[PDB]
Number of protein chains: 4
Amino acid sequence: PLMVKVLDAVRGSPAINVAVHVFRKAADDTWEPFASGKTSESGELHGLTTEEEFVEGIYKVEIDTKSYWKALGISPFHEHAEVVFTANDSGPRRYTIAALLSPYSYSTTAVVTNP
Amino acid sequence: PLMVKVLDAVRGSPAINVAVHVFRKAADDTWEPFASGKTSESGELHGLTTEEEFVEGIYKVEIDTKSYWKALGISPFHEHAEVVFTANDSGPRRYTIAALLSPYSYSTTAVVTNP
Amino acid sequence: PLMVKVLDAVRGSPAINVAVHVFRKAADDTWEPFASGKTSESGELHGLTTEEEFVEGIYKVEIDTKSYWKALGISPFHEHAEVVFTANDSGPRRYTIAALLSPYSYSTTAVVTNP
Amino acid sequence: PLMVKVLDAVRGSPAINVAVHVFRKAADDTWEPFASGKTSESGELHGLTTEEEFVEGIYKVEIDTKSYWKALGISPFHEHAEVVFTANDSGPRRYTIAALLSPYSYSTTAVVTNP
Ligand SMILES: CN1C(N)=NC(=O)/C1=C/c1cc(Br)c(O)c(Br)c1
Ligand SMILES: CN1C(N)=NC(=O)/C1=C/c1cc(Br)c(O)c(Br)c1
Ligand SMILES: CN1C(N)=NC(=O)/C1=C/c1cc(Br)c(O)c(Br)c1
Ligand SMILES: CN1C(N)=NC(=O)/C1=C/c1cc(Br)c(O)c(Br)c1
Ligand SMILES: CN1C(N)=NC(=O)/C1=C/c1cc(Br)c(O)c(Br)c1
Ligand SMILES: CN1C(N)=NC(=O)/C1=C/c1cc(Br)c(O)c(Br)c1
């Protein structure tokens, strides 16, 4: 139900080995750890959560962009990219959180499907 | 070797049934028809060409965005989105041409892989 | 030295009356309030800080995109757009933080100039 | 009434000295030259046309992105960025055509205002 995809707009490629941390806003309004991983050779991170565990709520996806650009010898602007959204608030959905990265810019979109 | 993917940034979904026409710049410098199709339920168009036929050159991918937005009752700015690029000019590659659409904006990127 | 500009990709217009909150990372590694305001009729927010006060550090620009869309007869995907970056690490610069908004996507860029 | 602005997502700067060519679709359905220029140090191109001359029609803005990148020690993906749109179909408007450039991606938006 939750997948993250990261692309590199400088090289025209998947962004490989990018670290991702996912949080859920708790009953008390603080950010509780939820899931993490690194992108694959296809720039994708699967297997973050299960349908059962991915209940309605506010989630934060942090994508560690800065370390990615440094490893490539390219000077970056942002510390990371943070995507904060409400999930499943009309019922269970499958989410792809995509990020397209440049050193001084990024784009993020959600593709939300109903099985 | 050539795939086109189209996303809708208003609805957060694949852009389905979007018409695509692909041209190749000919020896004479004019735009010759090459391939066409419509996006699927996943917003993807596969099977445009074969490795054999997809030789080096300048290609144009025209995505008929205007008809897409009209069918949805949303007022659009652009007539279409046109992506013009040189392909295979360091050797054969697999290309994904992605377009993320809004009524008054679009983003396009290429994901270029080497099998 | 710090300006925020916000555009609406649905309407093709400035995003007016968008609330913005700016934080700076403190010596103790928490987010200290730094500046705030709302975008004007041109989608711009000037007058956030002064050259003297805008020293080197990690800054967070929170753009309250959800309320913008909730006001217009949308229900968007994101809670807000956050832009986190290190400022003035090579000396004083002027920063424009731009954001282009759609209901299920946004893009953000920085324009960094040396006066 | 018509302005073009071009930004560089790699450097976080205006894209300076970018060539732009503007065409209008003629009664006979071919592309007639209309206006041209190069972006300034602010990445902007003003003075393309006048209110009197900029009547309703289909316009094409060609932004010569390849030469921009070829000058800088890149070899980009796209030959150019083309933006094709109907102007003034509900009456006279002022248009800013913005483009944010990366080597393998670009985004383009319109800001359309009613003076
Ligand atoms: C379905 N639904 C409606 N109509 N309004 C909601 O807030 C809602 C939430 C929801 C329901 C289930 Br069952 C589920 O597994 C997940 Br996750 C979310
Ligand atoms: C995500 N994205 C953004 N933010 N700008 C884009 O052009 C874009 C494209 C995209 C490309 C592929 Br390929 C893909 O599988 C998915 Br999902 C999205
Ligand atoms: C490989 N190569 C190099 N080094 N410079 C080129 O222009 C080039 C082009 C090319 C070669 C093959 Br065989 C092919 O199937 C495709 Br289509 C493109
Ligand atoms: C100039 N400089 C260099 N070379 N490395 C730095 O970290 C740095 C920081 C800086 C200096 C001044 Br004076 C200033 O007003 C601001 Br604001 C930032
Ligand atoms: C105003 N108007 C309406 N209502 N429908 C149109 O097609 C239209 C076009 C138009 C009118 C003027 Br007078 C003008 O200077 C420019 Br230029 C465009
Ligand atoms: C144009 N644009 C795109 N396509 N993606 C962006 O983030 C973006 C930002 C933009 C930034 C400034 Br500064 C500006 O004056 C204008 Br007019 C637009």
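- As recorded by the PDB entry, chain A carries the name Transthyretin and is attributed to Homo sapiens.
- Under its PDB header, the title given for this structure is "Human transthyretin (TTR) complexed with (Z)-5-(3,5-dibromo-4-hydroxybenzylidene)-imino-1-methylimidazolidin-4-one".
- The record in UniProt for chain A states the following under Function: "Thyroid hormone-binding protein. Probably transports thyroxine from the bloodstream to the brain."
- Recorded in UniProt for chain A, the comment headed Sequence similarities runs: "Belongs to the transthyretin family."

Details of the relation of the copies chain D and chain A
Thinking step 1. When chain D is fitted to chain A, the best match, at an RMSD of 0.3 Å, comes from turning it 180° and sliding it 0.0 Å along the axis. Accordingly, the operation relating the two chain copies is best matched by a two-fold axis. Of the C-alpha atoms belonging to chain D, the one lying closest to the rotation axis is found on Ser102(D), 3.4 Å away.
Thinking step 2. Mapped onto chain A, 100% of the interface residues of chain D are again interface residues, and the two copies thus contact each other with one and the same surface.

Regarding the UniProt feature "binding site: L-thyroxine" in chain A
Thinking step 1. The feature "binding site: L-thyroxine", as annotated in UniProt, sits at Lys5(A), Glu44(A) and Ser107(A) in this numbering.
Thinking step 2. In this fold, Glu44(A) is placed in strand 5 (residues 44-45).
Thinking step 3. Looking at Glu44(A), the relative accessible area reads 19%, which means it is buried.
Thinking step 4. Contact partners of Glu44(A), with chain neighbours within four places excluded, come to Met3(A), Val4(A), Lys5(A), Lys38(A) and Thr39(A).
Thinking step 5. Structurally, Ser107(A) is set in strand 9 (residues 105-113).
Thinking step 6. Using a relative accessible area of 13% as the deciding quantity, one classes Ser107(A) as buried.
Thinking step 7. Not counting chain neighbours up to four residues away, the residues in contact with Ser107(A) comprise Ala98(A), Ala99(A), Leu100(A), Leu100(B), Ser105(C), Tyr106(C) and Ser107(C).

With respect to the site of ligand 5
All names here are of chain D.
Thinking step 1. Taken together, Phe 54, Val 55, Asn 88, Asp 89, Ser 90, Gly 91 and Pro 92 are the residues near ligand 5.
Thinking step 2. Separating an oxygen atom of ligand 5 from a backbone N or O atom of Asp 89 is a distance of 3.1 Å.
Thinking step 3. Considered on its own, ligand 5 offers 450 Å² of accessible surface; in the complex 45% of this is hidden by protein.
Thinking step 4. Split into classes, the residues belonging to the shell around ligand 5 amount to 3 nonpolar, 3 polar and 1 charged.

Observations regarding the nonpolar core
Thinking step 1. Ranked by internal contacts, the top residues of the largest apolar core, which has 124 residues, are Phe85(C) and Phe85(D).
Thinking step 2. When sequence neighbours within four positions are dropped, the list of residues in contact with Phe85(D) reads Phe77(B), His78(B), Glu79(B), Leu2(D), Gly57(D), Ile58(D), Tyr59(D), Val61(D), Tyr95(D) and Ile97(D).

Concerning the site of ligand 1
Residues and elements named next belong to chain A.
Thinking step 1. Looking at ligand 1, the residues that line it are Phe 54, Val 55, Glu 56, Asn 88, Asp 89, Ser 90, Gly 91 and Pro 92.
Thinking step 2. One of the side-chain N or O atoms of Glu 56 is found 3.4 Å from an oxygen atom in ligand 1.
Thinking step 3. In the environment of ligand 1, a nitrogen atom lies 3.4 Å from a nitrogen or oxygen atom belonging to the backbone of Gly 91.
Thinking step 4. Compared with its free state, where it exposes 450 Å², ligand 1 has 47% of that area covered by protein.
Thinking step 5. Considering only residue class, the shell around ligand 1 consists of 3 nonpolar, 3 polar and 2 charged.

Let's talk about the interface of chain C and chain A
Thinking step 1. Contact with chain C, which involves 22 residues of that partner, is made by 21 residues of chain A.
Thinking step 2. Summing the contributions of chain C and of chain A, the shared interface buries around 1,800 Å²; its carbon and sulfur component is 54%.
Thinking step 3. Counting across the interface, chain C meets chain A through 0 salt bridges.
Thinking step 4. Counting across the interface, chain C meets chain A through 14 residue pairs in polar contact.
Thinking step 5. Mapped onto the side of chain C that touches chain A, the elements with two or more residues apiece are strand 6 (57-63), strand 7 (78-87), strand 8 (94-102) and strand 9 (105-113) of chain C.
Thinking step 6. A total of 8 residues in the side of chain C that touches chain A trace back to one element, the largest contributor, which is strand 7 of chain C.
Thinking step 7. Taken together, the residues that form the side of chain C that touches chain A break down as 11 nonpolar, 7 polar and 4 charged.
Thinking step 8. Alignment of strand 7 (residues 78-87) of chain A against strand 7 of chain C, held across 5 bridges, turns out to be antiparallel. If you follow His78(A) over to strand 7 of chain C, its bridge partner there is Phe85(C).

Cut-offs used in this document
- Residues numbered from 1 in each chain as written, not as in the entry; some residues may be left out.
- Chains lettered and ligands numbered in written order.
- Heavy atoms only, no water.
- UniProt positions renumbered as here; feature names shortened; annotations may be inferred.
- Least-squares fit on C-alpha atoms.
- Contact = heavy atoms within 4.5 Å.
- Helix = DSSP H or I, 4+ residues; strand = E, 2+ residues; numbered from the N terminus.
- Buried < 20%, exposed > 50% of the residue type's maximum accessible area, 1.4 Å probe, protein only.
- Near = heavy atom within 4 Å.
- Polar contact = N/O pair within 3.5 Å; in protein donor to acceptor, adjacent residues only side chain to side chain.
- Areas by Shrake-Rupley, 256 points an atom, 1.4 Å probe, with all protein chains shown as cover.
- Nonpolar A, V, L, I, M, F, W, Y, C, P; charged D, E, K, R; others polar.
- Core = buried A, V, L, I, M, F, W, Y, C linked by side-chain atoms within 4.5 Å.
- Buried area = accessible area lost by both parts, 1.4 Å probe.
- Salt bridge = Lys/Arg side-chain N within 4 Å of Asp/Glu carboxyl O.
- Pairing = 2+ DSSP bridges.

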